[PDB]
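What follows is one structure encoded as structure tokens, with my remarks underneath.
Read the numbers this way: they start at 1 and go in the same order the structure lists the ligands and their atoms. Any value given below was found using the heavy atoms of this structure, including those in side chains, with hydrogens, waters and symmetry copies removed. Sequential numbering from 1 along the given sequence is applied to the chain's residues.
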Amino acid sequence: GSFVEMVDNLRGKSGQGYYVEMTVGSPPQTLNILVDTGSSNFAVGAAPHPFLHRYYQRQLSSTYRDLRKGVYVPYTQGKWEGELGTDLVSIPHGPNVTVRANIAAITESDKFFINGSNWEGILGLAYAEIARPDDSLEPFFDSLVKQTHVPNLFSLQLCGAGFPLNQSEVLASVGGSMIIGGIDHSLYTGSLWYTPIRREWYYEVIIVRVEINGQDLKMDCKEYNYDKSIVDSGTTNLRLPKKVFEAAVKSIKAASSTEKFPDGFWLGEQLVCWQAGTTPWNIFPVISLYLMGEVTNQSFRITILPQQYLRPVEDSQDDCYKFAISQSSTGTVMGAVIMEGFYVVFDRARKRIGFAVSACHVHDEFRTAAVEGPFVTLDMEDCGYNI
Ligand SMILES: CN1C(=N)N[C@](CCC2CCCCC2)(C[C@H]2CCC[C@@H](Nc3ccc4ccccc4n3)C2)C1=O
């Protein structure tokens, strides 16, 4: 129902990440931790780094336990390396519990920390199957559920401001909510619609249809989930498989063809600027992603606006944006810019993910983001990719 203690416990933005305050060790060491549904390790800065003004100091914690095991985590953009151990962990604006959890003390990294992000570690909220070095390293959420009476569910409301936030504003602003163990009804409007979690590794889902202003992209639905489709708060953009990206960008260009944008804009590399307040939202299409429903042959859709997929960036008094839709070779990624339109319920207990219109989504007087259903959709299991 209502979880006032956890409402408004996030800060940050799509491009630098959304983080929650946590404490580690005895006496407690306060750290800001990025909320990542696209990984499964609780990994924190444990050595000086130019982008960190604080880090976890294992030698100062009386409850620290050394697992005498290293961990090496390469990813696309970079890597993080560290030392495994356990310690007592709490979330000050969370449930009133303290858990004994695994912690990867980061001793080396490349393109991991973000300059000016105000976070010092990440909270891998996905399943043990993708935890590093392997699935025996119990993720934080699994420890939390196992050691307390917290229900096996969390929900995220990521609030994009709709305009740039400077260094001081982003520190003073409310970035959203992470509700641990429940659903807070003040964070959304309309109904919650649930899609099944296909498999418990990433929060994997199945997209069954895509529309650009009601026009069906008309691709074989397997293409939408090649090689997977995931909900990931640790990725900025809506990332699409190569072929889907090329078809979607062609359709988005055609719908907005009253204005021509350079190639670098469509490549998500270059900003586009309009005189203050004149952004022509109306020329850009809405994008609808239909997701497999909980009922056989039934789907629902989530609709996003250009206010979600045009990411506000400071240039001048102009209103500037980056195109926050990009190509992927590792399947669809519903990143923070998509999550900003919705209140997202990671219902681990019922192996499903819920979507509802966010009470904090950015819109205009003419259009709103939407979560609607049901729609008759056949052979949805065929939309899932295999091998
Ligand atoms: C997609 N994504 C994600 N959701 N989590 C990770 C790890 C994925 C797991 C998946 C299971 C297997 C192991 C790896 C880590 C990022 C967390 C968010 C901050 C980002 N930091 C970055 C990213 C890019 C950067 C580029 C330039 C400079 C800094 C940067 N900092 C790094 C990732 O790559």
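- Checked by distance only, ligand 1 and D36 come closer than 3.5 Å through their nitrogen or oxygen atoms.
- The N/O atoms of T235, backbone and side chain alike, include none that comes under 3.5 Å of an N/O atom in ligand 1.
- Partners of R54 by side-chain contact (heavy atoms from CB on, under 4.5 Å), not counting sequence neighbours, listed by chain and number: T30, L31, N32, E120.
- Between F342 and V371, the closest side-chain pair of non-hydrogen atoms falls below 4.5 Å.
- The contact set between ligand 1 and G234, taken as ligand atoms under 4.0 Å from a residue heavy atom, comprises 3 (C), 4 (N), 18 (C).
- Here the shortest heavy-atom distance to atom 7 (C) of ligand 1, taken over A43, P74, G78, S39, belongs to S39.
- Not a single heavy atom of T76 sits less than 4.0 Å from an atom of ligand 1.
- A distance of 14.0 Å separates CZ of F140 from CG of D36, quoted to the nearest 0.5 Å.
- Some N or O of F112 is nearer than 3.5 Å to an N or O of ligand 1, by distance alone.
- Using a 30° and 60° split on the angle between ring planes, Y188 and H185 fall in the tilted class, from 30° to 60°.
- A centroid separation of 6.0 Å or more is found between the aromatic rings of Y127 and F141.
- The distance from ligand 1 to the heavy atoms of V73 drops below 4.0 Å at these ligand atoms: 13 (C), 14 (C).
- Close approach of ligand 1 to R132 (heavy-atom distance below 4.0 Å) involves ligand atoms 12 (C), 13 (C).
- Aromatic rings of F284 and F261 (six-membered ring for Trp) have centroids within the 6.0 Å cut-off, being under it.
- Using a 4.5 Å heavy-atom threshold, the side chains of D319 and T278 count as separate.
- Using a 4.0 Å cut-off between heavy atoms, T37 makes no contact with ligand 1 at all.
- In terms of polar-atom proximity, defined here as any N/O pair under 3.5 Å, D232 does make such a contact with ligand 1.
- Applying the side-chain contact (heavy atoms from CB on, under 4.5 Å) rule to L267 yields the partners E269; only residues at least two apart in sequence or on another chain are considered.
- Contacts between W80 and ligand 1 below 4.0 angstrom, taking non-hydrogen atoms only, are absent altogether.
- In this comparison of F113, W119, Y202, the heavy atom closest to atom 19 (C) of ligand 1 sits on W119.
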